Number of protein chains: 4
Amino acid sequence: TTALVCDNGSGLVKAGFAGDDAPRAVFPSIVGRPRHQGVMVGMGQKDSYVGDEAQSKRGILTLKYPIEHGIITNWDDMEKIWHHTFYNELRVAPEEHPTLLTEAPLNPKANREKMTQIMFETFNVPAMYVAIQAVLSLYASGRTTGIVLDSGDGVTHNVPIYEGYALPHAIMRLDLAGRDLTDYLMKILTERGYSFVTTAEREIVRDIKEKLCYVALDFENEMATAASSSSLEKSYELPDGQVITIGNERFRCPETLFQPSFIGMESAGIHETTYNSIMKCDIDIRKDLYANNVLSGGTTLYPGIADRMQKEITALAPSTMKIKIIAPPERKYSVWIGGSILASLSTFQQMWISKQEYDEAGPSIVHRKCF
Amino acid sequence: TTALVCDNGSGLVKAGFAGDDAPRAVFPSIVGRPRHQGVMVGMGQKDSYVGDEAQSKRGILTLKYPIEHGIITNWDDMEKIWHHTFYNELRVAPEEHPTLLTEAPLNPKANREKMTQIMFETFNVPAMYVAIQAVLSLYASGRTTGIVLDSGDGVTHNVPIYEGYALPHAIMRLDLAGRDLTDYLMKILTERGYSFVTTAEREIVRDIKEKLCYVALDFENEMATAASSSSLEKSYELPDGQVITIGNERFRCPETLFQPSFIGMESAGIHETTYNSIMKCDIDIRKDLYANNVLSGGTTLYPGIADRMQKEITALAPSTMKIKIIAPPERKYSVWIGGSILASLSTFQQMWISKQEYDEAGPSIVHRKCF
Amino acid sequence: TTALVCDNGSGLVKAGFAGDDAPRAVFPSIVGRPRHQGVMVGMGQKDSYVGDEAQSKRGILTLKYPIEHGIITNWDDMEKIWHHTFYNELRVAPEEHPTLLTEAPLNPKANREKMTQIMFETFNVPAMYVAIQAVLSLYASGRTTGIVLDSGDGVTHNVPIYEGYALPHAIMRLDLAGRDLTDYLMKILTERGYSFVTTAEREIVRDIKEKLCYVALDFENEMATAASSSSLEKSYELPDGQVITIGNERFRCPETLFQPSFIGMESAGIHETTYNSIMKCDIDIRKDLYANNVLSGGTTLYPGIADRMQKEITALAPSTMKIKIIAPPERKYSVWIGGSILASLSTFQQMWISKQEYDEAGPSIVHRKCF
Amino acid sequence: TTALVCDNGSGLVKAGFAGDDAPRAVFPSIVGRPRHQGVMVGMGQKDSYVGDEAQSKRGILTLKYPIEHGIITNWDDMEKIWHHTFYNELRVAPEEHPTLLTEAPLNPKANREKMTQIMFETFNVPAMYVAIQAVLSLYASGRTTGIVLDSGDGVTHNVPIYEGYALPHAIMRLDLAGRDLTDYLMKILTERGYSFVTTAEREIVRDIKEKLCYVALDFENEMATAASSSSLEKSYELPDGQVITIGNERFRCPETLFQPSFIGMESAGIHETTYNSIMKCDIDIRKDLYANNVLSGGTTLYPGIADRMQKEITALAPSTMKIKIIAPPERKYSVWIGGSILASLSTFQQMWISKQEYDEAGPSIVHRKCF
Ligand SMILES: Nc1ncnc2c1ncn2[C@@H]1O[C@H](COP(=O)(O)OP(=O)(O)O)[C@@H](O)[C@H]1O
Ligand SMILES: Nc1ncnc2c1ncn2[C@@H]1O[C@H](COP(=O)(O)OP(=O)(O)O)[C@@H](O)[C@H]1O
Ligand SMILES: Nc1ncnc2c1ncn2[C@@H]1O[C@H](COP(=O)(O)OP(=O)(O)O)[C@@H](O)[C@H]1O
Ligand SMILES: Nc1ncnc2c1ncn2[C@@H]1O[C@H](COP(=O)(O)OP(=O)(O)O)[C@@H](O)[C@H]1O
Ligand SMILES: [Mg+2]
Ligand SMILES: [Mg+2]
Ligand SMILES: [Mg+2]
Ligand SMILES: [Mg+2]
């Protein structure tokens, strides 16, 4: 049987087999095109690079992302990425391999339908399925009750689950994600004298964010300590040299999550969004939801995000009850792990969308089957 | 022999064996159905919960009561409750166990007939019986003369008995019960800012009534003290927190029993209903009926109901004689205790309705046997 | 001269002029009071409705009857009814109009005295009279000998008259009347599932009795036919719909007259009460009393009451003589007709109670004049 | 005298003089605050805009509503709105002008008391009054009997009135209103690709609802026609362009009124809520209530709401009687019209709450005067 699991995401692709411990193929979802003249002969060089190949040669080509905010915008580029992760990296023939895909909540309906057409016609898979990302995150932890805040690169969303029952009317979606955090870092870096405008230079700024930035417990008095002393500065070495220094911008970029007014959005922070979802549910189920808060998604991997979230939540909730933010140690590959577990149960082998059903019903079978 | 005793009631089920001191199984009579979508797999969750299981998971399912005002309205749900109290809780086989059932006065005749069909065919009991609830309340106290006011959750009724002879023409029945008291509390709680509309939130309001409400000796001057001082307020903590305060609504809900015009009914209070029953009997037996007033039924467990009833009764009766309201200390499990006593006498072993009689005569044997 | 005739009765008022054929004003004796809040303005609505007006608006107000069992209990309400039948309906000035009133046998003496005070002082009638109801029933039929059984809504009474001479020691009075028949119908209607408890819903039950109920010749074998076949059922449509079905309760309510043990009274039926009165008279006058039995009063208008009475009477009397129950075709307005005849004879114009006699003697002149 | 009439409502303010035909001032109840930096000088721009001014400049400021679900939550903002409708729009001095206010049923008591304090102290009105909104709706139609369903933007409520008498125990209140309908439209619009998250973009979605949405007679077969053909689609032009298309969402948003499970509420629809109120009244008054159903309130202005309500009501009521939903042509300004009529009668000039009474008694005089 050997079912396949694929996590498209936005900016990172995780692929592997069902029943394993970790994905066997991780690579960025980027397609590049040459930019310059192209002199000399006998080189035999390709016209487009996809995956980790584009990262190595990013100095002469332009990076482009097909998926954005969860929705796929370039369908011609996505067929190139799926071909790369099936024949070149996994080295498998999809003709005898059911696949599992993931999808964010509150997405256009046409997004699901087009994914089914490509897999069932271009690749000719025998079966396929589509599942919500945040539901699979609860399978990895071996739990049944709790509220999951899954923040990635495209979109962060919230959904409460109580004893295997979802509440579709208490689901909140917010655009703020890790991609908008990188752009804010680029803007506030110009006040020190550094300019980063090329699309190939957006990777330089992203790597700085992943290594230096951190979340401060308190914002008012942290800016006071950084204003006087210089003990909060670290150095980064660019690829060609010219080391740089980072001061109070180190803890200012992640703060946008709790104060989304730094870019201009009117929505509330992630600490108030998750409180409104809890108060939208029933009265007697809120007690179990407070003590089962789950964190998932790489943008929730900042040093100190678990203690800051706890401090703000207890300021709103009544003081009688106990609030504990359950942040596991491996939060980035939590969705994939849940997908592998789900695709191995004996009771799940009846909900596959077969080829016969698609031929008789058409692409509209997804909404009647998947969710 | 080991006869069985069951008290269906309305909202609470008492079951046990004959010859014991207390019922061994007490649980609400509630059947619940899931309401929400139901995501995830491998849970193996049931489609309906009955009894104490529904109370634990009441936050996602809907509560429904089959019995109402004494009459059973959902016969499909009642067979589910009887199955729960025979195999799951009592853990007994009804094939070799006679059972005893209770019934309120002035009920539709078809109610008795359908109960006999289910027990004698679905469960195949060897014998069965049906008795009036208020008659059994006199067995518990070891008395022979007196007037019994049995107020429960569905219906309150009155019946006088003098030296082992009943007076069927002096029996009064009034709908006002504990279920209508909870609904009135919900309506008058909105004037302070609290909203309780979900059927799962009716249990929250009921628990407040069972812990805080009390009966005031006088109504006119009690409202004057509560209007000026704030020494009559208590606090209640909701399951999620947000403690609340109760003022003069504390003693206003139980007052509806004595003044049924608060909801809109035209009938008189319980103090005047029991006086009319006494005056409907013979002249020379009224003296023994005045001094043998008996209270039974949980809704007669309010703090102060015994002194208030005495004050109103002596205002109508002549001042020569003595009026004493005999309110025992355990009034909730008084009917069950009387049923256990009755099902153990050697002289009662001849009035069982046998299987042979039912086959020859049919379901109409009850009216010719029971009452 | 134009004397006036008024028949107070109990539950129905008959008024008119002397010398006519039928009463010109018939309306119930009911006074109603508003029950609900009473929102809005500019309506100009009264605080009390009396007569046929209360029947139209009975859905928001409470019905109350002043006269009961023959005796008047609410003297303030009776002055309201008398004012309605003199100025509003008859449209006459009582200052120049002698009036005639009726009274049941064996009544408190204070009942007669208070009626004389009100008429002679509040209304200032020039003359008045009080007569026994059952004596006037013999004037309508143009007879001189016979025994009259007058059953109405308040009380049924018996009195034998032989050739213009009454026998005061052979007069029997029984409370059982049409008002107790309606209450019994309400109680036995609950065994089918219908509840009628509001005082405004007592009119619904009364109308069912006047249209469907009938008297059965034999009771033992009639219950056998109704137990097997369903050919004895009729349908009634309530004002809002929800039609109902009546089975063996159709002929059970009127049976209470012959078997007064259904409510709990110890007295004998109307067939045995009228036999005891005959045997209480002299031996040689019984022959003419047997063949001159007269029926009067609306509660004697049930279909089949004349044949049932004959069957029971001949079972007690000797078989030699002939028994014939003379039931006329218009038995409801028989008392009024007799009153009109009496108030027109030239020999009756000397027994009026004048204003001069009342002033000199006082209210005690009635007992010395009327009976 | 020239009494003043004000209808606060929730989201729309109607003001005018007593004795006219239409309100002279209609404007939204919205207070806005600047959001952005605010460069340049010499502009002289205000710090807060209230009324129609905020709608024009809504692109840079944030809209906020003080009144919500009937209860006022921001008392500082309400004093700003009342000042705007007295000096800026009506251009009147409230020192010599009695005012009339409206209030929804089943509201916190403190809501009425605080309104009296502000008017009698800050504005110094000589007299004032508070009336129920649904009672005034019957004055406009010139009727005395009927059941009124008043659905607005904050809360829909029901109350039956029979011949100028209200039934307080048959009053039902349901939160579902027009504000929850707009939020549902925003959520289901994301499935086509349109995002509307800014509070200033909630006005864009509301305008779409007021122009395109309609109620379908049947829901099951209407979704079948929209699934196959494309004849049920209309186009809307956004302020900057980018026209959009609406398909089956056109008739899905108003359907929430009849099926409140689309959001997650457990209560029944408006067709079943109004049927339960009728069955809660007396038996003989239901006939006049069925034929006098009155519609009022802008959310009852959807194309086809009158025919759909009739179809569902006759499915529950008995088939004998006639049901007619009396939906007038101008249902939005029905409450104001009734208030103008009431404040002009000569008999109403005695129920004003004077300044002298307030000084002697205090703010608690309202409950003893108004309702
Ligand atoms: N150690 C880290 N600290 C902070 N942010 C991180 C870290 N690792 C990854 N990220 C952020 O997480 C994002 C990747 O999220 P990912 O789990 O791939 O979501 P998706 O699968 O939906 O693309 C990147 O944009 C990156 O900015
Ligand atoms: N301590 C108490 N004080 C006041 N009311 C009570 C108390 N305990 C129970 N009740 C009321 O009594 C009702 C239960 O009555 P119950 O004895 O179960 O009658 P039945 O057996 O006919 O259901 C409940 O509705 C509850 O409101
Ligand atoms: N057609 C009928 N069949 C049976 N009973 C009737 C009929 N008409 C009237 N009655 C009964 O007769 C009573 C009216 O009696 P009525 O002649 O008014 O006596 P009174 O004048 O003393 O009130 C009512 O209570 C009603 O129940
Ligand atoms: N033509 C229309 N069709 C449908 N809904 C409407 C229409 N006009 C107004 N509404 C709705 O009615 C609401 C306004 O109700 P309103 O009469 O102002 O009540 P209130 O005075 O209590 O605010 C708005 O929220 C709007 O959604
Ligand atoms: Mg992710
Ligand atoms: Mg009980
Ligand atoms: Mg009569
Ligand atoms: Mg309105």
_Shielding of C:32-43 by partner chains, average beta-carbon count, 10 Å_ = 6
*Near the amide H of A:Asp150, under 5 Å away, which other amide H atoms are found, from residues 5 or more places off or on another chain, if H is placed in the peptide plane?*
A:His157
_Measuring from the axis that superposes chain C on chain A, report the chain C residue with the minimal C-beta distance, rounded to whole Å._
C:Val197, 3
_Förster-model FRET efficiency, 30 Å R0, C:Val92 and C:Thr62, C-beta, rounded to 0.05_ = 0.50
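From the cross-link list A:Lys311/B:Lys209; A:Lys311/B:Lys57; C:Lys209/C:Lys324, which pairs have alpha carbons spaced over 32 Å apart?
A:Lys311/B:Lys209
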*Kindly identify chain D as rounded, prolate or oblate by the Cα gyration tensor criterion: order the square roots of the eigenvalues as a ≥ b ≥ c, call it rounded if a/c is under 1.5, otherwise compare a/b with b/c, prolate if a/b is larger, else oblate.*
oblate
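Sorted by average packing, counted as other Cβ atoms within 10 angstrom per residue and highest first, what order do A:163-174, C:166-177 take? Numbers along the way, then the final one.
Values: A:163-174: 19.0, C:166-177: 16.2.
Taking the mean over residues of other Cβ atoms within 10 Å, the ranking is A:163-174, C:166-177.
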*Sparse-neighbour loop sites [GluC sites (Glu not before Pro); segment D:284-371; at most 14 other C-beta within 10 Å; DSSP]*: D:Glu330
*Between copies, how close do the A:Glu357 label points come, placed 7 Å along Cα→Cβ, listed in nm from shortest?*
5.9, 7.0, 10.5
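Of the peptides D:227-237, C:261-271, C:97-107, how do they stack up when ordered by the mean number of other Cβ atoms within 10 Å, highest first? Display every interim value, and only then the final one.
Working: D:227-237: 10.2, C:261-271: 15.5, C:97-107: 19.3.
Top of the packing list down: C:97-107, C:261-271, D:227-237.
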_Label spacing, shortest first and in nm, from D:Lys57 to its equivalents in the remaining copies (7 angstrom along Cα→Cβ)_ = 5.7, 5.7, 5.8
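Under the 0.36 nm per residue contour assumption, what length would be gained going from the current alpha-carbon distance of B:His83 and B:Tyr214 to full extension? Show your work: numbers first, answer last.
Working: separation 131, 0.36 × 131 = 47.16 nm, distance 3.71 nm.
The span from B:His83 to B:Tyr214 would gain 43.4 nm if fully extended.
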*Which three extents, in whole angstrom, do the alpha-carbon atoms of segment D:253-350 cover along their principal axes, largest first?*
46, 36, 25
*Give me the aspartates and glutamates in straight-line cross-link reach of B:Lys322: C-alpha distance below 17 Å, same-chain residues under 8 apart excluded.*
B:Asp284, B:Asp288, B:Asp307, B:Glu312
*Calculate one ³J(HN,Hα) per residue across segment D:181-189 by plugging θ = phi - 60° into the Karplus curve 6.51 cos²θ - 1.76 cosθ + 1.60, and present them in order as whole Hz with x for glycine and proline.*
6, 5, 5, 5, 5, 5, 5, 7, 6
*C:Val31's amide H: which non-local residues (gap 5+, or another chain) put their own amide H closer than 5 Å, with H modeled 1.01 Å from N in plane and none for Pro or chain starts?*
C:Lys64
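Using a Förster radius of 41 Å, what is the FRET efficiency between C:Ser231 and B:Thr1 based on their Cβ-Cβ separation? Nearest 0.05, please.
0.30
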*Calculated from DSSP H runs of 4 or more alone, at -39500 (n - 2.57) each and per residue, what is the 222 nm mean residue ellipticity of chain A, nearest 500?*
-8000 deg cm²/dmol
*Charge dipole magnitude, Cβ of K and R +1, D and E -1 - the protein assembly as shown, Cα centre, debye nearest 20*: 60
*Please turn the phi angles of segment C:49-62 into ³J(HN,Hα) values with the Karplus equation 6.51 cos²θ - 1.76 cosθ + 1.60 (θ = phi - 60°), one per residue in order, whole Hz, x for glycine and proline.*
10, 10, x, 6, 5, 5, 5, 5, 9, 5, x, 10, 10, 9
_Inside 10 Å of the C-beta atoms of A:104-116, what's the mean count of C-beta atoms belonging to other chains?_
2
*Roughly how many debye, to the nearest 20, is the charge dipole of segment C:289-345 about its Cα centre, given +1 on each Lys and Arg Cβ, -1 on each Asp and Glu Cβ, and no other charges?*
80
*Too-long pairs where the Cα-Cα distance tops 31 Å, listed order kept, from A:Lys14/A:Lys355; C:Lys187/D:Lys287; C:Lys46/D:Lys332; B:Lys234/D:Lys64*: C:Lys46/D:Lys332; B:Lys234/D:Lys64
*Select from B:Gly193, B:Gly11, B:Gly142 the residue whose mean-square fluctuation is largest in a Gaussian network model of chain B (Cα-Cα springs shorter than 10 Å).*
B:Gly193
_Through the Karplus equation 6.51 cos²θ - 1.76 cosθ + 1.60, θ set to phi - 60°, convert the phi angles of segment A:270-285 into ³J(HN,Hα) values in whole Hz; use x for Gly and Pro._
6, 6, 8, 5, 6, 6, 5, 5, 5, 6, 7, 8, 6, 5, 7, 9
*Could you check the simple spin-label distance between D:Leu238 and C:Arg192, using points 7 Å along Cα→Cβ, in nm with one decimal?*
6.8
*Evaluate peptide A:158-165: per residue, the Cβ atoms of other protein chains within 10 Å of its Cβ; return the mean as an integer.*
5
*How far is C:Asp207 from the same spot in each other copy, in nm, shortest first, if each label point sits 7 Å from Cα toward Cβ?*
5.0, 5.8, 9.4
_In chain A, if the dipole is taken from +1 on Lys/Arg beta carbons and -1 on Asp/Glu beta carbons about the Cα centre, which of A:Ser195, A:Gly178, A:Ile326 is farthest to the positive end?_
A:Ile326
_Distance between modelled label sites at D:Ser261 and B:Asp183, nm, 7 Å Cα→Cβ extension_ = 2.3
*asked:* Highest mean first, how do B:31-39, C:313-321 rank when packing is the count of other Cβ atoms within 10 Å averaged over residues?
replied: B:31-39, C:313-321
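Quick reminder, even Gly has a Cβ in these numbers, built from the backbone with ideal geometry, and neighbours come from all protein chains shown. Only the coordinates and a few stated rules stand behind these numbers; no lab work does.
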